[PDB]
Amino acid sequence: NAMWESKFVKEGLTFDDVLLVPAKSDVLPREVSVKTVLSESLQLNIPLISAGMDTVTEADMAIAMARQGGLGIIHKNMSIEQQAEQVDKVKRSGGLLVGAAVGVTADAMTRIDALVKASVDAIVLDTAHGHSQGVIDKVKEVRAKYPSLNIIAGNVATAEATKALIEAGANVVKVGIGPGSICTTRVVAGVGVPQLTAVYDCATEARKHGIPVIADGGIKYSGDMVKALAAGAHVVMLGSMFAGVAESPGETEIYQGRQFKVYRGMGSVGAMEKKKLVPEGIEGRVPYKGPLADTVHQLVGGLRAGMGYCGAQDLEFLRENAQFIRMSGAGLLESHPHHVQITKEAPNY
């Protein structure tokens, strides 16, 4: 009926579809604030979270992330005991902040119990499809048992899903269905929402409740992070940009004189190992990047420049005030180096 007619009405934008419009500024990049408050008990000095993936974040990454002012989410592909131990390892390293991923399973509360005993700062109820009754029920259950626990729930890509998770008791909503570098959800299932639109739609709803959103996935360059925050996210979550730094789990492997690390979807064959569901992610390799610090300095540096250009003395200004301009593929081609043969790779390109 009405739904038949509306089938093709909506349009969505992703990072490469837009640029931020420069505005009047009296702030230099080095003077801007990149601090962000997710809740009364979860305040970050930089708006970056490392993904809860088995090739991105265990304790060493979470420690390094927290020291940089961000947050690491310890992944769930390990025993309850192992995960609680990893969380504890971060906490004893100076009381740094740490998060931990939990799936929607029968043993989820048991896992959460142990993580809370280990002093975890946030639980991520991490699911392929956040807008499901199973997730909502689990959030309600956790919130009822743990009234003060930071609950990040996702992933979602619509205002309605956002509303549903907030009402169930989530105090942070994680946004992103299909944008991940290692993701095949869009190809396998045909499902997704271009990430900038997802963030904006979800932020529009979350704003109404004073709830922050995390822009998760699809960020390839520091400028994409600026765009995600300007689209309304309080913070971003990164997988590929952190895979391959020294502190990520996994060994550095050498092939034809170059150092690589494995990076894979949590929905890839190998990760799911560690009718039945078909994979929704791939396994790959990324160049070894060296220490996390060097990568974070480039990311935050890019954000500082973007904020300076937008006249954003802080992230709240950026979310509330920054404006985009839409462009075509031709626009995109102009927006990367062109017609010159690059001889040195830059630290941020």
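Residue numbers here begin at 1 and follow the sequence given. Between two forms, the rigid core is defined as the largest C-alpha subset superposing within 1.5 Å.
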Top-deviation stretch by C-alpha RMS in 9 other deposited structures of this protein (rigid core reference), from 182-190, 111-119, is 182-190
Returned stretch for higher CA RMS in 9 other deposited structures of this protein, core superposition, given 245-253 and 81-89, is 245-253
Where both flanking residues are modelled in the other PDB entries compared, is residue 274 itself missing in a third or more?
yes
In the entry, residues of the deposited sequence missing between residue 258 and residue 259 amount to none
As the entry reports it, the stretch among 139-147 and 235-243 with higher mean C-alpha B factor is 139-147
Of 58-66 and 284-292, the stretch with the higher mean C-alpha B-factor in the deposited entry is 284-292
Of the residues 122, 189, 269, 211, the one whose Cα carries the largest B-factor in the deposited record is 269
Listed options 185, 162, 110, 204: highest C-alpha B factor recorded at 110
By the entry's values, the third containing the CA B factor of residue 117 is the highest
In terms of its chain's C-alpha B-factors, the third that includes residue 13 is the lowest
Of the three thirds of the chain ranked by Cα temperature factor, residue 131 occupies the middle
Assert third(CA B-factor, residue 330) within chain per record equals highest
Of the three thirds of the chain ranked by Cα temperature factor, residue 250 occupies the highest
